[PDB]
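Each chain carries a letter (A, B, C, D, E and F) given by its place in the written order, and its residues are counted from 1.
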């Protein structure tokens, strides 16, 4: 979670970045408000952006 | 001496264990986090991993670390070894399997290292809290204030009475030991090791071989192979398969054991005090949430306890 | 001109002073922090340090910084000079003992 | 504060194992059948479902227990002592525990 | 009870007989993963440290000051103290001499 | 008074005569360290804001 989103890259000695104000929230799935994906638990259907 | 602290760690090797987050996804990580100890006051945490720090193939060297790269153990100079919870953490010291770090609060603990162009990280979910000492909820150790006793993980590598067990490694599944060869599965055995195999093709076969063996099956998928190498021991990890029989081989001391220490706590600003008939008037201007307590000195204490967060 | 802004800073040197969390433990740092000014609105802060930025023994050069190494002053080209509070801060400019940065 | 000790699980391929009781604090043991675990080297077991993992766990005192612990006491009437500072006549102040 | 002050109890800090009461329950391992997941009630010692409240050091009547080595209550202004002191006979001067 | 609106007062913004009332107290330096620690009431102007 955060209040900004920063993206950037390097080009030799140059650094190009861009930061925009955007609220990023963690959205636990289920009836428990966890703050990071658990190592184990109950597997529930969720919304994800595919890696494909 | 420094070598005296590694006499038993030289008998153990690093290992690869499951990590819930290897970057973006779960994987078997050579830096897998086994435990995070975060019960010290001033943000100090101790992290146990599957990697070995401070040892090289030629002996003890605090600038070197060792980790497993498949079945082969690799030794490199420490390169950008880092710990992160919510922001970069300062490293205090490292010892076999153990890292001591000074971290800010966070919901995760991330540990990783670099190996040339390679990057190895492991992130686990773990609530890291900053625990101030005393009656003030400060968020970072102050430059000055009142020195109070506190609980800290020591920076010393000495054996201080706390130990963990190192056991004979269990079977290590490794399908790279198998090759179809001349349309007939062959088992390659690394020098000095033994390989257990299990094949269930029309000719069901199993056993332990100490040298290259060719079985009766013609498809690698029909066989399993396990590497047996007990020359180095591993921690009794809950993420590794257990061996057969009594696998206990020795003890490893825990380096950065918790100790009592003196921590600097903040000291709130002096209150303004005004006096009225039988009344004490205090004007409190805290910097951090500051606890105020009072009691009467008579037979009825009539105690008062409240945290002052604003003037 | 740019040289006219360093006429007085050329007469001063960096120094080593106590830093409460120098590295991971209190020690005398060559870039100890003397003051943090954070009363501006858009998250911009000004930091005074014991190091000298923009000056080398051969003159003014904004790509160089000087700091004390024991009794000897050493001038080096700036290498990953950074500021962070809870996350990396963007540096705006540096001059003498001062660093300007935008921090969260 | 307690620590939970978790020994290496017993992974039985193409077979099954059984749990036994042990003299450990809050000891837990359970066998989970139908597992098909993977390691860095690929599938650990050959059989697709005829495999079991036996998990074990028990509670220990944490390392911090040597310094960070609470002591529960039964309190009974004991003794009363004082430090008394006495002067008399031209004799200077003298004191002792009484 | 689990999650309360006494969930973990030991007669002494170095004993080898420990009482532990937590809902330590082994969970099924995730598919394809070798690990030992479990659930357990959060430590009641950490809970107590949060909910300790005011100590006796801060609420004791009569201005008592609490010290631990040995455990004692100092300077409690309760009641009165009978006293008897035997003054040396050399400390007294005769009336006709004063 | 310290911590209130008028803790710091000046007749003009360029005046050389400044009035200040804060509970500025010098603290003993930490052992072995050369520095000047102190405690002070947070500014009453920032508090007033």
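By our rule, a residue touches a chain if its C-beta (ideal position, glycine included) is under 8 Å from a C-beta of that chain, and two chains touch if they have at least 3 such contacts.
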Greatest separation from subunit E - chain, by CA centre: C
B-E or A-E, whichever has more C-beta pairs in contact: B-E
Chain with minimal offset from the mean of all protein Cα atoms: B
Length of the line joining the C-alpha centres of subunit C and subunit F, rounded to whole Å: 26
Euclidean distance of C-alpha centroids - subunit D vs subunit F, Å: 50
Rounded Å distance between subunit A and subunit D, as computed from the means of their C-alpha atoms: 36
Inter-chain centre distance, subunit D versus subunit E - centres from mean C-alpha coordinates, in Å: 20
Interface hub residues of subunit E, defined as touching at least two other chains: 29, 33-36
Sites on subunit C touched by subunit F in the complex: 17-18, 26
Subunit E residues within the subunit A interface of the complex: 27, 29-30, 35, 37
Interface residues, subunit A side, partner subunit B - complex: 34-39, 51
Subunit E-touching residues of subunit B, taken from the complex the two chains share: 18, 26, 238-241, 293, 295-301, 303, 305
Subunit D-facing residues of subunit B, complex: 16, 28, 37, 39, 70-71, 151, 161-162, 167, 170, 172-176, 198, 200, 224, 227, 236-243, 254, 257-260
